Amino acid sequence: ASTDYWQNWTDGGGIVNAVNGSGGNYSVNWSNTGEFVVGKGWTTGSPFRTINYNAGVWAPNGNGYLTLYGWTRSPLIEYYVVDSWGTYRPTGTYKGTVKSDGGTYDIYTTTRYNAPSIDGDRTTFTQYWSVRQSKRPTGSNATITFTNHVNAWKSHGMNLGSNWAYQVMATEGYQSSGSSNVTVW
């Protein structure tokens, strides 16, 4: 599918060189950063979307995630399906696991305080995660059948909001450098 949304955000710390590439493609090259999130996908997310990608370059130097990323409102939830990472594997309150697209993912909840969200610069909100138990290989076509995650999350009392915001396949980094190149469809 064609992508209709380009996500490119930095909290201002360090350097984030993000290139909005042809079609579903983009690259990020980042150096000594604070927080940033770059990716492509859709203005309106859905729990029934299938997201495909191919990360031709996955080269974080430190803390970075190769991850499905999005928001809901009502309630406000920031959510992740993390397929690979750098030096840091994101964890939190263990809920259970879900098998999807050849991988098994741990499910976590965490809470962010006084942090940036789609509704303010200093918000407190819950985060939902599926984090692959081992790094997904990159460079071949990969699929995230997101309904499998949403359904598993629901089965653990993790309810997403009714009002869907953007939904992208992203590179997120914090306190790191690196390079990524990803095509999304």
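A residue's number is simply how far along the shown sequence it sits, counting from 1.
Averaged over Cα atoms, the B-factor as recorded in the entry is higher for 155-163 than for the other of 155-163 and 40-48.
Just going by the entry, 11-19 versus 170-178 on mean CA temperature factor gives the higher value to 11-19. Per the deposited coordinates, the residue with the largest Cα temperature factor out of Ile118, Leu68, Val57, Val131 is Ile118. The entry lists C-alpha B-factors for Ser27, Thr145, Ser140, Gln127, and the highest of these is at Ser140.
Among all modelled residues in its chain, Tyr94 ranks in the highest third by Cα B-factor.
Ranked by Cα temperature factor within the chain, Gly64 sits in the lowest third according to the deposited record.
Ranked against the other modelled residues of its chain, the C-alpha B-factor of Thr109 as given in the entry falls in the middle third. The deposited CA B-factor of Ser100 belongs to the middle third of values across its chain.
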